[PDB]
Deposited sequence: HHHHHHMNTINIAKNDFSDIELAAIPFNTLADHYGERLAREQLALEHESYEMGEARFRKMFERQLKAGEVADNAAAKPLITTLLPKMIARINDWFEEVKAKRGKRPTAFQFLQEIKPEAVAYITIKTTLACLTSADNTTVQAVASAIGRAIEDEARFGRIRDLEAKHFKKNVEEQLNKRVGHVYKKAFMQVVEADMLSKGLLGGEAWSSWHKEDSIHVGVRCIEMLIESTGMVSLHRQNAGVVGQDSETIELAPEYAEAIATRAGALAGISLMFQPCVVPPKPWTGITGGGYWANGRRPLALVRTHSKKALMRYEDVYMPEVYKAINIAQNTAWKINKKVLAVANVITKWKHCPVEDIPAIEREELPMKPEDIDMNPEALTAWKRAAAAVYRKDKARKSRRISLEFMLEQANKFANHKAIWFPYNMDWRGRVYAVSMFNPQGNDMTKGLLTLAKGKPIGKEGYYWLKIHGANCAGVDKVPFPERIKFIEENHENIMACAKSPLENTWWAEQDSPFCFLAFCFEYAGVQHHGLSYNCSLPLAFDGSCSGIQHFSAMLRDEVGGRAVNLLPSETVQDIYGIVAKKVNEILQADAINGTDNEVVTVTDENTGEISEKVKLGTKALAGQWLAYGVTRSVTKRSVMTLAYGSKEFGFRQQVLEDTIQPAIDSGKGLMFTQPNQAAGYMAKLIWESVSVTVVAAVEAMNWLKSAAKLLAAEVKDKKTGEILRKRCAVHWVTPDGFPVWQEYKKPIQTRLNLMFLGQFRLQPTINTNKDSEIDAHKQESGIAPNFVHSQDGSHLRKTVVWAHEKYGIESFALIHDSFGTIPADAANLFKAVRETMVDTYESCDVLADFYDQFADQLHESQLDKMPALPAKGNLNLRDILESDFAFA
């Protein structure tokens, strides 16, 4: 790729794009990729006419003088110098002003190490993408029917000027700050446009150095980087360059790693099944669900919206101002801190909502849209764009597949199943799910008739997703069983984590509680735990502990006993929802203290916010108690999965350990990275390294030494603690990751399935192919756990490696159970 000209590198993407899909979409794709950038430059001109013609000349002059000064001096030249000679001084000036203005308008602070960092990154990207960007820009800024356009370009036909690409910045974070600081240093002289005001001098936690915009300029005044594709994304051929098309931006890495080196371990691997899966998933043609968008645009604007999620809409002021004495000052301060919190959460959720709608409106009339795909350092498959089929209810509802397949009876059956799933009817046998739909035939049809008048769908678990089903259900009733349908029908695994642990150890048990075994009733592991919790809960209600006073120093507080806390939970009702996240995360190496944090966030806090949590007098103490109850009750429901994790924790603990000898500092063995290969051939290295902080020593404006503490990008020592606490979740996540990828391949190759809706452990396709997918997920899982033992394979990877006097601390290995893997094929409620 480095062998091509900049002229060539800017023309090739356009040309190959204009040949396969026409020049119309070829321009839009590039404009969309550079729109980020385009707006960055536009926001700069705002802000231009409505003193700028005086700042730029002054800055350019200072830069040139500074170079003359540095060149005349002897000894080590400033760090920022050589990096600032990569770009024409005129442009160096422009960027500094542009970036500094962007940092101060949107953000109300702003820290120096943030601005300096922002300028630094803006320089490097200009250095290596500036010219190619300018040249590529020419294509869409000129002036000013389709198919076969949803066909993917052949990999062997891709020009070499599209294959490679450096996805990682070569610049160090330290080096990047140096550049920004010295650019700010030259921006204060000349002009000075911004001032450097020191804040909270003396406080260990609050002391900082912030850039302030001068009063003269102040009174004179989400994120479009990753958007959907209008054309099918570029096939992944190697570690970089897949997904998007533009050459003036910076390519995507196939695997999202913590360093360039970690990605380089994939350069020459040969993992055909992995590339194949991503490419097929990537190639899925989506479109905006116009009908759902028509509703979402109107209802989210209402002051009292029928859906329980949609946030204000209204700033919602602080209450309320009562006398100023002892406990009247409490007060209040608790209710205020609650509102400040509510509002913050509400604002971020609103911004998100606004964005998802803006996206859906843009692509509302596009024949088809696409989403480039990536993977995290483990297997898991991620959509690169911000607007995703992997988002929440509304975002998912607004999306739908582009190409349909005929269509009825078989498809219509699972169409009603999906509808039932969208509503709070997913823990019930299929014939009864159908019965729920058929009973509410008048509740449906009428919601497709006038959704703005009928808000019954809003009351369902997935409001917009259920609404998308209703519009599609009404279509069948009016057109027939030949009615073209393209809604993605999602088949989600019960408890993914515990499903894989059950399968890899052939736990009966186990099975079973997570629906791997054929049963007439839907097994709810979350309901089973809660049931056991309620028995412990009732036990403490009649005979438990009374309230104490720990008096820690007013200052004295009341510690509630087991009796009082139990009464508070029975007054709320501890259902499956309270245990949901707590049951899953255990199968990812979690602890008791960890549960407290979950129960508080997922159950307690929103109850207080909803006005249904007035029972929780001491909220954190109630969260601790419930965490204690789950830890106990769940413990005897997932025994084998726990030993499985403990076997993995030990393995990783011992590998990450540094050797020791009898007084001698003999380095018999260093700390090791945990490595294993997933069934479809994807390799994963676990290298959690210790976060370290370094400090820079900058003689700022010849007055003082600006010494910013920064989070080092340079690697250090392997974090042994994280290696142990992260091995269990990351192993199964890579494990369910491959199962997902193998599913896509097996569904695409043996069956004619082309469209996929993938959310890690949920599998969605068009109604016609649903039957095959429902069957494909089982086959691909049964096949993986029959063919190879992942724990044995992992063992074959790290020992060797083990030392000695280490293998006596190493178990186990978890005994195999009596589960028959073939039974999964006959399982009805093991969607995944």
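- Of the deposited sequence, positions 1 to 13, 64 to 78, 173 to 183, 261 to 269, 371 to 373, 605 to 610 lack any modelled C-alpha atom.
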